[PDB]
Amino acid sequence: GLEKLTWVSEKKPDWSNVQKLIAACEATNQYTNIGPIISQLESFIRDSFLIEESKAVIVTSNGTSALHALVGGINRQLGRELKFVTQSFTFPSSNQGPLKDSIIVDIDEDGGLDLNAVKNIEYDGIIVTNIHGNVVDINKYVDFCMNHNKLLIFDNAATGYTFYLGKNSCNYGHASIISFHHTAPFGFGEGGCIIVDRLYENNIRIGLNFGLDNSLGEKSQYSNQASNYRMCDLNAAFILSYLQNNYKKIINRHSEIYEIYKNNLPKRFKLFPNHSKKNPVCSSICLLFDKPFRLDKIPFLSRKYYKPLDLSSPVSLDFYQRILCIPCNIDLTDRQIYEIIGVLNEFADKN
């Protein structure tokens, strides 16, 4: 039964629908530099993911370029290269591009950047990762950054539809980013999205286009903080089509998969720390064993994320050593989930 597990659901273009969308590009020859699909996808994300009016929805080439475009747009707006802190327990994106010199601190046992490690250092802002659809105690980060006059970015690459105190977690902090990578529940190919305070929208949007704004004619000015960060309308069509056809099923079924693990926890495993009242929509089901173990002991498709960016961060390393990332996708059967739980019970008994 577990032989046919896949990391990602089988995804295939709805060709008739993708062709209908890109017909708009064919009619004007505008397939990028903000063609006719970008507004359609940004709208659909706003309305389907429930983003608030005080937030821009800005699609980009990938989750990484969503984070980098966000920072570059903010840097240009403030006339300074801002210094960010990120947690060790995250993907490389938050220590690359305009963040290549970001400060790396440990997480606390609740899965997010340890606020204790930024008490006595110089920084403009923090990046907190909501791990694989799970969310931190978001209001403790909002409150701290408010009291210290710091920018707050949520790395929601893997966290497009987990609700915190009645709204999409993407609506908290000054900004968040989402990934539409093929491996994300909502993704298809490559893509990213910035959810950000309107204060920064214009500088971020022109910052996808080297800083250039055609509407300014002769005073259009590049920024050395910008790049080519835009989403191509081809990619926007594939992602919008996948979302139109699947987004509601993904939300419901991922929540149901979470329910089975929550009510049938395997022996000596705990759910990854989460602070949502309703079940999170996960990119994988993250469990923590009570002690370090190797993946090669687990006899079905599984992974460990995230190898600490700084291998010296103790909680990050402990989590990495104890974590199991189980496939979570709309192809999973309840039968496969109960078989996985039975295998992990057996794993615990032998280990």
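In this text, residue numbers run from 1 along the sequence as written.
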{"item": "Mean Cα B-factor comparison, 60-68 or 40-48, giving the higher one as deposited", "value": "40-48"}
{"item": "Entry-level comparison of average CA B-factors, 304-312 and 27-35, reporting the higher stretch", "value": "304-312"}
{"item": "Of the residues 84, 163, 258, 210, the one carrying the largest Cα B-factor as recorded", "value": "163"}
{"item": "Residue, from 276, 93, 159, 88, that the PDB entry assigns the highest Cα B-factor", "value": "276"}
{"item": "Chain-wide C-alpha B factor ranking for residue 269, given as lowest, middle or highest third", "value": "middle"}
{"item": "Modelled-residue ranking by C-alpha temperature factor, third containing residue 21", "value": "middle"}
{"item": "B-factor third for the C-alpha atom of residue 185 within its chain", "value": "lowest"}
{"item": "Residue 321 by Cα B-factor - lowest, middle or highest third of the modelled chain", "value": "middle"}
{"item": "Record-listed C-alpha B factor of residue 79: chain third", "value": "highest"}
